[PDB]
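Contents: one structure, followed by commentary.
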Amino acid sequence: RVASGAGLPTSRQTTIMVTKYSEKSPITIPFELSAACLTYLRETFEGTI
Amino acid sequence: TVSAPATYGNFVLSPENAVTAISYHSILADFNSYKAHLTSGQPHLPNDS
């Protein structure tokens with residue numbers, strides 16, 4: 099605040115409080131694999147090179 | 295009494311066979327012998343693959 103004359107309407111308000119909410123924005127991305135890929139990844143064979 | 299082979303014959307392909315199969319979809323068995331005898335100029339192989 100700032101002081102003023104002997105009778106000017108200086109407001110009594112002091113240290114007001116406010117609330118801020120949160121804005122939501124999820125993101126998404128898919129990735130896909132084939133059955134042959136998963137099979138050859140999982141069951142490692144004793145086969146040749 | 296007669297002698298017989300005790301176990302199946304284990305035939306495995308060399309890395310050059312693997313890369314040729316991946317690239318051109320074909321294999322020459324005993325590939326290294328082919329390469330060596332071809333480069334050296336020898337016309338014949340001792341045995342088949």
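Note that the protein sequences, when read in sequence, are chains H and K. Going from the first sequence to the deposited numbering is simple: count from 1 and add 98. Going from the second sequence to the deposited numbering is simple: count from 1 and add 294. For every residue, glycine included, the Cβ atom is placed at its ideal position computed from N, Cα and C.
For a contact meaning CB atoms closer than 8 Å, what does residue i contact in chain K?
i, result
"residue 142(H)", "Simply none; closest approach about 17 Å."
Closest by CA to residue i, which one among the options?
i, options, result
"residue 112(H)", "100(H), 139(H), 127(H)", "100(H)"
"residue 307(K)", "296(K), 323(K), 318(K), 301(K)", "323(K)"
"residue 146(H)", "297(K), 320(K), 325(K), 309(K)", "309(K)"
"residue 131(H)", "140(H), 125(H), 115(H)", "140(H)"
Under 8 Å Cβ to Cβ from residue i, same chain only, skipping five residues before and after it: list those, please.
i, result
"residue 341(K)", "none"
Comparing the C-beta of residue i with each C-beta of chain H, is any distance below 7 Å?
i, result
"residue 306(K)", "yes"
"residue 330(K)", "no"
"residue 312(K)", "yes"
Among the residues of its own chain, which have a CB less than 7 Å from the CB of residue i, if the five just before and after it don't count?
i, result
"residue 331(K)", "339"
"residue 315(K)", "321"
Compare the C-beta of residue i against all C-beta atoms of chain K and say whether one is closer than 7 Å.
i, result
"residue 146(H)", "yes"
Excluding five sequence neighbours on each side, which residues of the same chain lie with their C-beta closer than 6 Å to the C-beta of residue i?
i, result
"residue 311(K)", "321, 325"
Output, in chain order, the set of chain H residues within a Cβ distance shorter than 8 Å of residue i.
i, result
"residue 309(K)", "147"
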